[PDB]
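A.B. asks: This is upload-v8.cif, which holds mmCIF, N, CA and C atoms:
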```
data_work
loop_
_atom_site.label_atom_id
_atom_site.label_comp_id
_atom_site.auth_asym_id
_atom_site.auth_seq_id
_atom_site.Cartn_x
_atom_site.Cartn_y
_atom_site.Cartn_z
N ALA A 1 -5.87 -6.91 -4.60
CA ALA A 1 -4.60 -6.17 -4.71
C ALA A 1 -4.38 -5.68 -6.14
N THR A 2 -5.26 -4.78 -6.57
CA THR A 2 -5.19 -4.22 -7.92
C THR A 2 -3.89 -3.43 -8.12
N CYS A 3 -2.88 -4.10 -8.65
CA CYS A 3 -1.58 -3.48 -8.90
C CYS A 3 -0.66 -4.49 -9.57
N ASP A 4 -0.72 -5.73 -9.10
CA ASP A 4 0.11 -6.81 -9.64
C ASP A 4 -0.24 -8.13 -8.96
N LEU A 5 -0.35 -8.07 -7.63
CA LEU A 5 -0.70 -9.24 -6.81
C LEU A 5 0.34 -10.37 -6.95
N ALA A 6 1.62 -10.01 -6.87
CA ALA A 6 2.69 -11.00 -6.96
C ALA A 6 2.79 -11.79 -5.67
N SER A 7 2.67 -11.08 -4.56
CA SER A 7 2.73 -11.67 -3.23
C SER A 7 1.93 -10.81 -2.27
N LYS A 8 0.62 -11.09 -2.19
CA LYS A 8 -0.33 -10.33 -1.37
C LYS A 8 -0.62 -8.99 -2.04
N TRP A 9 0.44 -8.27 -2.36
CA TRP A 9 0.35 -7.00 -3.06
C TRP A 9 1.73 -6.53 -3.48
N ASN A 10 2.04 -6.74 -4.75
CA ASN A 10 3.33 -6.32 -5.31
C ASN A 10 3.39 -4.80 -5.28
N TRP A 11 4.59 -4.22 -5.40
CA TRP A 11 4.72 -2.77 -5.32
C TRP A 11 4.39 -2.41 -3.87
N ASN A 12 3.31 -1.69 -3.62
CA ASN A 12 2.88 -1.37 -2.27
C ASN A 12 4.02 -0.80 -1.40
N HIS A 13 4.61 -1.66 -0.57
CA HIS A 13 5.70 -1.31 0.35
C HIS A 13 6.89 -0.72 -0.39
N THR A 14 6.99 -1.03 -1.68
CA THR A 14 8.10 -0.58 -2.51
C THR A 14 8.52 0.86 -2.22
N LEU A 15 7.55 1.76 -2.18
CA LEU A 15 7.83 3.16 -1.90
C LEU A 15 6.55 3.91 -1.57
N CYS A 16 5.47 3.54 -2.24
CA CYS A 16 4.19 4.19 -2.04
C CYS A 16 3.72 3.99 -0.60
N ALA A 17 3.73 2.74 -0.13
CA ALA A 17 3.31 2.44 1.23
C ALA A 17 4.30 2.98 2.25
N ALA A 18 5.57 3.08 1.84
CA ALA A 18 6.63 3.59 2.71
C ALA A 18 6.25 4.95 3.30
N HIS A 19 5.55 5.76 2.52
CA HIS A 19 5.10 7.07 2.97
C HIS A 19 4.15 6.92 4.16
N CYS A 20 3.21 5.99 4.03
CA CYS A 20 2.24 5.74 5.09
C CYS A 20 2.93 5.13 6.31
N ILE A 21 3.95 4.31 6.06
CA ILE A 21 4.70 3.67 7.14
C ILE A 21 5.37 4.74 8.01
N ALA A 22 5.97 5.73 7.35
CA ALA A 22 6.63 6.82 8.05
C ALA A 22 5.61 7.60 8.88
N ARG A 23 4.40 7.67 8.36
CA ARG A 23 3.31 8.36 9.04
C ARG A 23 2.96 7.63 10.34
N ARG A 24 2.57 6.35 10.20
CA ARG A 24 2.22 5.49 11.35
C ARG A 24 1.45 4.26 10.89
N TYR A 25 0.90 4.32 9.68
CA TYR A 25 0.12 3.23 9.12
C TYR A 25 1.02 2.10 8.64
N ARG A 26 0.42 0.93 8.43
CA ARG A 26 1.15 -0.22 7.93
C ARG A 26 1.69 0.09 6.56
N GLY A 27 0.85 0.71 5.77
CA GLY A 27 1.19 1.08 4.43
C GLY A 27 -0.04 1.52 3.69
N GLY A 28 -0.34 0.84 2.62
CA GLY A 28 -1.52 1.15 1.85
C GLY A 28 -1.82 0.09 0.84
N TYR A 29 -3.06 -0.38 0.82
CA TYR A 29 -3.47 -1.43 -0.10
C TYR A 29 -3.41 -0.93 -1.55
N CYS A 30 -3.43 -1.85 -2.49
CA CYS A 30 -3.39 -1.49 -3.90
C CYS A 30 -4.76 -1.04 -4.39
N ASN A 31 -4.95 0.27 -4.53
CA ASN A 31 -6.21 0.81 -5.03
C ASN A 31 -6.32 0.48 -6.51
N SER A 32 -7.54 0.41 -7.03
CA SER A 32 -7.75 0.12 -8.44
C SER A 32 -6.99 1.13 -9.30
N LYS A 33 -6.99 2.37 -8.85
CA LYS A 33 -6.30 3.46 -9.54
C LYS A 33 -4.83 3.56 -9.12
N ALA A 34 -4.26 2.44 -8.69
CA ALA A 34 -2.85 2.36 -8.28
C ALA A 34 -2.49 3.39 -7.21
N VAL A 35 -3.33 3.50 -6.18
CA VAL A 35 -3.09 4.44 -5.09
C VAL A 35 -2.89 3.68 -3.78
N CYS A 36 -1.85 4.04 -3.04
CA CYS A 36 -1.57 3.40 -1.77
C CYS A 36 -2.27 4.13 -0.63
N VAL A 37 -3.54 3.81 -0.43
CA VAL A 37 -4.32 4.43 0.63
C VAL A 37 -3.78 4.00 1.99
N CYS A 38 -3.29 4.96 2.76
CA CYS A 38 -2.72 4.69 4.08
C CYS A 38 -3.68 3.87 4.93
N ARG A 39 -3.20 2.71 5.36
CA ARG A 39 -3.99 1.81 6.16
C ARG A 39 -3.08 0.84 6.90
N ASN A 40 -3.54 0.41 8.05
CA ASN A 40 -2.79 -0.53 8.85
C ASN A 40 -3.39 -1.92 8.71
#
```
Any chance you could put this one into structure tokens?
C.D. replies:
Amino acid sequence: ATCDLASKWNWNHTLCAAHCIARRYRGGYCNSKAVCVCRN
């Protein structure tokens, strides 16, 4: 969870993953380059 790893993956759902959630995916894991790649 390259981003913070406070609890599985800090940030993530915060807003970045929210975009993927609206799409249909669970969210997006913490990419090394701080990118929330849409994934379930």
A.B. asks: Counting all atoms listed in the file, I want the residues whose atoms come within 6.5 Å of (6.2, -2.2, 3.0) in the file frame, returned as number ranges by chain.
C.D. replies: A: 12-14, 17-18, 26-27
A.B. asks: Per DSSP on the backbone, filter chain A down to the residues in strand (DSSP E) and report them as a list in words.
C.D. replies: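 The residues of chain A classed as strand (DSSP E) are residues 27, 28, 29, 30, 36, 37, 38 and 39 of chain A.
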A.B. asks: Write out as a list in words the residues lying within 6 Å of residue 25 in chain A, counting all atoms listed in the file and excluding same-chain residues fewer than 4 positions away.
C.D. replies: residues 20, 21, 38, 39 and 40 of chain A
A.B. asks: When DSSP is applied to the backbone of this structure, which of chain A are assigned helix (DSSP H, G or I)? Write them out as a ChimeraX atom specification.
C.D. replies: /A:12-14,16-23
A.B. asks: Quick one: write out the picked residues with N, CA and C atoms as a PDB file, in the frame of the given file?
C.D. replies:
```
ATOM      1  N   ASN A  12       3.310  -1.690  -3.620  1.00  0.00           N
ATOM      2  CA  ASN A  12       2.880  -1.370  -2.270  1.00  0.00           C
ATOM      3  C   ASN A  12       4.020  -0.800  -1.400  1.00  0.00           C
ATOM      4  N   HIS A  13       4.610  -1.660  -0.570  1.00  0.00           N
ATOM      5  CA  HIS A  13       5.700  -1.310   0.350  1.00  0.00           C
ATOM      6  C   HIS A  13       6.890  -0.720  -0.390  1.00  0.00           C
ATOM      7  N   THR A  14       6.990  -1.030  -1.680  1.00  0.00           N
ATOM      8  CA  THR A  14       8.100  -0.580  -2.510  1.00  0.00           C
ATOM      9  C   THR A  14       8.520   0.860  -2.220  1.00  0.00           C
ATOM     10  N   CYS A  16       5.470   3.540  -2.240  1.00  0.00           N
ATOM     11  CA  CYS A  16       4.190   4.190  -2.040  1.00  0.00           C
ATOM     12  C   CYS A  16       3.720   3.990  -0.600  1.00  0.00           C
ATOM     13  N   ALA A  17       3.730   2.740  -0.130  1.00  0.00           N
ATOM     14  CA  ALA A  17       3.310   2.440   1.230  1.00  0.00           C
ATOM     15  C   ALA A  17       4.300   2.980   2.250  1.00  0.00           C
ATOM     16  N   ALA A  18       5.570   3.080   1.840  1.00  0.00           N
ATOM     17  CA  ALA A  18       6.630   3.590   2.710  1.00  0.00           C
ATOM     18  C   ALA A  18       6.250   4.950   3.300  1.00  0.00           C
ATOM     19  N   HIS A  19       5.550   5.760   2.520  1.00  0.00           N
ATOM     20  CA  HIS A  19       5.100   7.070   2.970  1.00  0.00           C
ATOM     21  C   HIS A  19       4.150   6.920   4.160  1.00  0.00           C
ATOM     22  N   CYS A  20       3.210   5.990   4.030  1.00  0.00           N
ATOM     23  CA  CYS A  20       2.240   5.740   5.090  1.00  0.00           C
ATOM     24  C   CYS A  20       2.930   5.130   6.310  1.00  0.00           C
ATOM     25  N   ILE A  21       3.950   4.310   6.060  1.00  0.00           N
ATOM     26  CA  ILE A  21       4.700   3.670   7.140  1.00  0.00           C
ATOM     27  C   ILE A  21       5.370   4.740   8.010  1.00  0.00           C
ATOM     28  N   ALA A  22       5.970   5.730   7.350  1.00  0.00           N
ATOM     29  CA  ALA A  22       6.630   6.820   8.050  1.00  0.00           C
ATOM     30  C   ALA A  22       5.610   7.600   8.880  1.00  0.00           C
ATOM     31  N   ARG A  23       4.400   7.670   8.360  1.00  0.00           N
ATOM     32  CA  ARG A  23       3.310   8.360   9.040  1.00  0.00           C
ATOM     33  C   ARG A  23       2.960   7.630  10.340  1.00  0.00           C
TER      34      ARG A  23
END
```
A.B. asks: Could you list the residues chosen by the PyMOL selection byres ((chain A and resi 3) around 8) in this structure as a list in words?
C.D. replies: residues 1, 2, 4, 5, 6, 9, 10, 11, 12, 29, 30, 31, 32, 33, 34 and 35 of chain A
A.B. asks: So how far away is CA of residue 37 in chain A from atom N of residue 19 in chain A, in Å?
C.D. replies: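 Pair atom N of residue 19 in chain A / CA of residue 37 in chain A returns 10.1 Å.
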A.B. asks: Output as an mmCIF file, in the coordinates of the input: range 10-27 of chain A, completed with N, CA, C and O atoms.
C.D. replies:
```cif
data_model
loop_
_atom_site.group_PDB
_atom_site.id
_atom_site.type_symbol
_atom_site.label_atom_id
_atom_site.label_comp_id
_atom_site.auth_asym_id
_atom_site.auth_seq_id
_atom_site.Cartn_x
_atom_site.Cartn_y
_atom_site.Cartn_z
ATOM 1 N N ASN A 10 2.040 -6.740 -4.750
ATOM 2 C CA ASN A 10 3.330 -6.320 -5.310
ATOM 3 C C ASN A 10 3.390 -4.800 -5.280
ATOM 4 O O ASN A 10 2.353 -4.163 -5.102
ATOM 5 N N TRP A 11 4.590 -4.220 -5.400
ATOM 6 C CA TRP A 11 4.720 -2.770 -5.320
ATOM 7 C C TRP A 11 4.390 -2.410 -3.870
ATOM 8 O O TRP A 11 5.103 -2.857 -2.968
ATOM 9 N N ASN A 12 3.310 -1.690 -3.620
ATOM 10 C CA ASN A 12 2.880 -1.370 -2.270
ATOM 11 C C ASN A 12 4.020 -0.800 -1.400
ATOM 12 O O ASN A 12 4.348 0.394 -1.489
ATOM 13 N N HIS A 13 4.610 -1.660 -0.570
ATOM 14 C CA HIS A 13 5.700 -1.310 0.350
ATOM 15 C C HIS A 13 6.890 -0.720 -0.390
ATOM 16 O O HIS A 13 7.718 -0.045 0.219
ATOM 17 N N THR A 14 6.990 -1.030 -1.680
ATOM 18 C CA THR A 14 8.100 -0.580 -2.510
ATOM 19 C C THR A 14 8.520 0.860 -2.220
ATOM 20 O O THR A 14 9.705 1.145 -2.028
ATOM 21 N N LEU A 15 7.550 1.760 -2.180
ATOM 22 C CA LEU A 15 7.830 3.160 -1.900
ATOM 23 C C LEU A 15 6.550 3.910 -1.570
ATOM 24 O O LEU A 15 6.542 4.811 -0.735
ATOM 25 N N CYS A 16 5.470 3.540 -2.240
ATOM 26 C CA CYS A 16 4.190 4.190 -2.040
ATOM 27 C C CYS A 16 3.720 3.990 -0.600
ATOM 28 O O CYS A 16 3.359 4.948 0.091
ATOM 29 N N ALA A 17 3.730 2.740 -0.130
ATOM 30 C CA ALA A 17 3.310 2.440 1.230
ATOM 31 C C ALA A 17 4.300 2.980 2.250
ATOM 32 O O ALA A 17 3.921 3.314 3.369
ATOM 33 N N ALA A 18 5.570 3.080 1.840
ATOM 34 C CA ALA A 18 6.630 3.590 2.710
ATOM 35 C C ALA A 18 6.250 4.950 3.300
ATOM 36 O O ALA A 18 6.570 5.243 4.458
ATOM 37 N N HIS A 19 5.550 5.760 2.520
ATOM 38 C CA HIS A 19 5.100 7.070 2.970
ATOM 39 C C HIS A 19 4.150 6.920 4.160
ATOM 40 O O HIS A 19 4.273 7.619 5.159
ATOM 41 N N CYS A 20 3.210 5.990 4.030
ATOM 42 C CA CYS A 20 2.240 5.740 5.090
ATOM 43 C C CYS A 20 2.930 5.130 6.310
ATOM 44 O O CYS A 20 2.538 5.403 7.446
ATOM 45 N N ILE A 21 3.950 4.310 6.060
ATOM 46 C CA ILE A 21 4.700 3.670 7.140
ATOM 47 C C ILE A 21 5.370 4.740 8.010
ATOM 48 O O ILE A 21 5.327 4.666 9.238
ATOM 49 N N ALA A 22 5.970 5.730 7.350
ATOM 50 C CA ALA A 22 6.630 6.820 8.050
ATOM 51 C C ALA A 22 5.610 7.600 8.880
ATOM 52 O O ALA A 22 5.924 8.097 9.962
ATOM 53 N N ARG A 23 4.400 7.670 8.360
ATOM 54 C CA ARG A 23 3.310 8.360 9.040
ATOM 55 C C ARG A 23 2.960 7.630 10.340
ATOM 56 O O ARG A 23 3.089 8.202 11.418
ATOM 57 N N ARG A 24 2.570 6.350 10.200
ATOM 58 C CA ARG A 24 2.220 5.490 11.350
ATOM 59 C C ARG A 24 1.450 4.260 10.890
ATOM 60 O O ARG A 24 1.326 3.280 11.619
ATOM 61 N N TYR A 25 0.900 4.320 9.680
ATOM 62 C CA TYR A 25 0.120 3.230 9.120
ATOM 63 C C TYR A 25 1.020 2.100 8.640
ATOM 64 O O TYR A 25 2.214 2.293 8.433
ATOM 65 N N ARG A 26 0.420 0.930 8.430
ATOM 66 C CA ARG A 26 1.150 -0.220 7.930
ATOM 67 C C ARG A 26 1.690 0.090 6.560
ATOM 68 O O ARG A 26 2.834 -0.235 6.227
ATOM 69 N N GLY A 27 0.850 0.710 5.770
ATOM 70 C CA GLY A 27 1.190 1.080 4.430
ATOM 71 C C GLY A 27 -0.040 1.520 3.690
ATOM 72 O O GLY A 27 -0.723 2.441 4.124
#
```
